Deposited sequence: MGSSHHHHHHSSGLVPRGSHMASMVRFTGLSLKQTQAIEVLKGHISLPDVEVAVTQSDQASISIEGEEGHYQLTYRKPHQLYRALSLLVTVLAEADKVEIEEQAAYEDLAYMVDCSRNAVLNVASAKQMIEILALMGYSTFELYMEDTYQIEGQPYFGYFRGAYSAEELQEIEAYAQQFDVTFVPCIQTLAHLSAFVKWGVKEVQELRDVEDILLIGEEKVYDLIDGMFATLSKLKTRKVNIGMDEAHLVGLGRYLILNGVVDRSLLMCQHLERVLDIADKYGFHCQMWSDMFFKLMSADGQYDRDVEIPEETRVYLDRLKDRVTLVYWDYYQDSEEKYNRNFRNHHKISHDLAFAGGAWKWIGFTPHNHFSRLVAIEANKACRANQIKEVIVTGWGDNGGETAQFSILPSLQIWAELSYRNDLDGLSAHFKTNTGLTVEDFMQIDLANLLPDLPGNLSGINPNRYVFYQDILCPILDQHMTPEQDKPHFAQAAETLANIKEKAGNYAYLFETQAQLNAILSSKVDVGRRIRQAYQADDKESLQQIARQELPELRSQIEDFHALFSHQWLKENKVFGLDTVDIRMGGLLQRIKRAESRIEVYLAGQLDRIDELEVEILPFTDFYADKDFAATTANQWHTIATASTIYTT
C-alpha cells in the first residue's frame, strides 16, 4: 500500500517484483538525500533526489526490513552507468537488455549504455552490421523506452573514427572508399561524413540526446590512404563529427586516450592504487571529465569480479578526490564476447554501493535481495581465473581461456602452467560451482557453464605435458591411455561445454556471432583428434619421431616473467590456438 507514486512508478515496482516486496510507504521527491528511508512500525517515508533512485531505495527498503529503519544516502556521482559491449560478437537480445535494466535499476544506476561499433542499422548502409545482428532502431527505441520506465537514461556508445573492423572489411566500393588504414575511417572524406550523418540520423530517432562518439585507439589516423591523398587532423575530424551531432541535437562524450563542446572519458581498468589514478586525473583535467572503470568480462569465458572489486575501491577514492561527477562501468567482450553477459553482476553492485555509500558495507545484503544469492557465492563464477599463487592486484591473468584453446600436440602456453597447484584448483572449483549452480536459480546457467569449464581445465591443464613426458620416456602404456581414453573423453567434455555455452549464449544474446565460437571449438576438437591420430601412428610403428613433441617449449610471453607465479595473460584466440598463420595472407 504505497503513496505518492505515479502510474509509471507503480508499473515499474510491478515489473520489479527480482524483488519480494513485503508496509506503507510515503514517497516524495526530496532534495533531502539521494535516498532517505525513515520510519518504523510498518509505516515509512522514502524520498529520492532523482526519480530512478526510487528503485535502489526500494531494494534497500526491502533489505533493511528483515521495523525501525533510518537510512540516508548521498551518492558521489550525478550519473552512474553500465556499458554493455554489443560489438565483439555478442549482441544482447532485447529480453536480456530488459532484465539487465531492471537489475541496474535496483542497484542505483541512472544510465544504461550499449557499445555498438557497427551493430546498429543505418538506412542505405546495408553492409553496416551485415549478419552482425545489428540493432534495429525499433529494438533501440524498445530498449530505451524500457529503461525510461525506470527513469533510466540510454546513451549509445558508437564509433566515428576507429574500431570499425567488421564494417570496413566488406570489399564493395562504397565501403572501401571510406577507409584510411586498418579499422580507421577516411577523415576529410565526404562519403565518411555522410555515413556519420546516417549514424546520428539513426540515433536521432531515440529520445536520448547523449552519445559517446568513441574515437579511442586510432594509432595510425591519417597514415595510410590519408597520407596517400593529402595530425590537429583529429580536431578537424572531431569538430566535423560535433557539427554533425549538434545538427541532430546530441551532446557528445568520447574516450580520452588520443588526446569544450565534448566530455572526455578517462578510461582505466588497471591501477591498484589511488595514487596512479590521481596522477592521470591531474594530466586529464589539464585538457570536463567522466571516469570509465571496468567490470572485467573480456578475458575469455570467465569474468574477474574479484579483481574488479579491488580496482573499484581505489578508483572510487580517486574519483571522489577529483570530484568526478560521472562514472561509467564498462563490460567489454574482447575477441569473441565469450564471457556471459550476466557474469559481472557483483562488479555492478560494487560500483553502486561505492557511489551511494563510499563503502561495501551492505553489498552482500543488497546483492542477495536483487539476485537471490550471496555475493560470495556469485563471485565464485571467477574460479577458473583465480589461481592460488596469483596476487589479486595484477590484471588480465586468464588461464580460463588459454588453458582451454591451447593445442595438445603443440602446447605453446605449457610454460605458464603449474599443474600440481592448477589441477586441484580446477577440480574442486568445478565442485564448488555445481553446488552454487543448484541455488543460483535463473542465473544457474552461468555457473553450470563454469563448472564444466573447470572440469575440462583440471584434465587439460597438463595433458600436453604428460604427452611430452610419456613420449621422451617411451611409455607405451601412458601414450596409449591418453590417446584411446583421455583425449576422446576431453572431446566429450568439450562437446558438453559447447552445448552449455550455446544455451548461455542464446539466452543472453542473438544468434549472430555464435558462429565464431562454433568454429573455434570445432577446431580445438579437431586438433584433439589429431593428437589421438598422431600418437596412434607412432604407436603402430609407422612413425619415427612425433615431430611436434621434439620442439622445446618456450615461454609464450614475457609480460609477467619477472613474477613468482607461472601464469600470464593471453587473450587472442588465434595466437593461443596455433603458432602458425591463420589470419595473414
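Mind pulling out the bits of the deposited sequence that never got modelled, as residue ranges from 1? No C-alpha for residues 1-25, 43, 49, 94-95, 260-263, 265, 294-321, 350-351.
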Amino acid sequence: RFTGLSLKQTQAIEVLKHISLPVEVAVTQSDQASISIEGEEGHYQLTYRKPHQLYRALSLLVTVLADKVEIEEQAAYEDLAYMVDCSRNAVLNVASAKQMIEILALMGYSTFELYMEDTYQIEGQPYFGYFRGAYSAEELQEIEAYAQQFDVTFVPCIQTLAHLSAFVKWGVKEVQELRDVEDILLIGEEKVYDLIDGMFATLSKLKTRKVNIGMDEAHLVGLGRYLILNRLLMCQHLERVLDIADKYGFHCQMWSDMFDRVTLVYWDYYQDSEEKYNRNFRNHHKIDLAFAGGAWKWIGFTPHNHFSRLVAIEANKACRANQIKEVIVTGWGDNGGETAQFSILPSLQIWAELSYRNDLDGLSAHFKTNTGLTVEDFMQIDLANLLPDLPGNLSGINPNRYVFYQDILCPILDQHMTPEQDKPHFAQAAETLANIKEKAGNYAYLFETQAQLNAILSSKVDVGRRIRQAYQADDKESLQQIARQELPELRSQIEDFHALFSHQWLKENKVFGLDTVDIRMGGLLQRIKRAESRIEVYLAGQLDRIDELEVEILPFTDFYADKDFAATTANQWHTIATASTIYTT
From here on, numbers count along this sequence of modelled residues.
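Each form is matched to the other, and the largest set of C-alpha atoms that superpose within 1.5 Å is called the rigid core.
To spell it out: superpose each other structure in 5 other deposited structures of this protein onto this one by the rigid core, compute Cα RMS over structures and residues for 151-159 and for 274-282. Which is larger? Once the cores are fitted, 274-282 deviates more in 5 other deposited structures of this protein.
On a core superposition, give the stretch, 379-387 or 213-221, with the larger average C-alpha separation from this form in 5 other deposited structures of this protein (RMS over structures and residues). Checking 379-387 against 213-221 in 5 other deposited structures of this protein, I find the farther stretch is 213-221.
Where do the C-alpha atoms have the higher mean temperature factor in this entry, in 462-470 or in 80-88? Higher of the two, by average CA B-factor, is 462-470.
Tell me which stretch has the larger mean Cα B-factor in this entry, 376-384 or 246-254. So the stretch with the higher mean C-alpha B-factor is 246-254.
Candidate residues 507, 282, 309, 169, the one whose C-alpha B factor the record puts highest: Of the options given, 282 has the highest CA B-factor in the PDB entry.
Maximum C-alpha temperature factor, selected from 476, 297, 401, 425: Checking the PDB record, the top C-alpha B-factor among 476, 297, 401, 425 is at 476.
For residue 533, does the deposited CA B-factor place it in the lowest, middle or highest third of the chain? Middle third - that is where residue 533 ends up once the chain's C-alpha B-factors are sorted.
Ranked by Cα temperature factor within the chain, is residue 58 in the lowest third, the middle third or the highest third? According to the entry, residue 58 has a C-alpha B-factor in the chain's middle third.
Tell me, lowest, middle or highest third: where does the Cα B factor of residue 12 rank within its chain? It belongs to the middle third of the chain when residues are ordered by C-alpha B-factor.
Sort the modelled residues of this chain by their C-alpha B factor and say whether residue 359 lands in the lowest, middle or highest third. Within its chain, residue 359 is a highest-third residue by C-alpha B-factor, going by the deposited values.
Can you work out whether the C-alpha temperature factor of residue 31 puts it in the lowest, middle or highest third of the chain? Residue 31: CA B-factor falls in the highest third of its chain.
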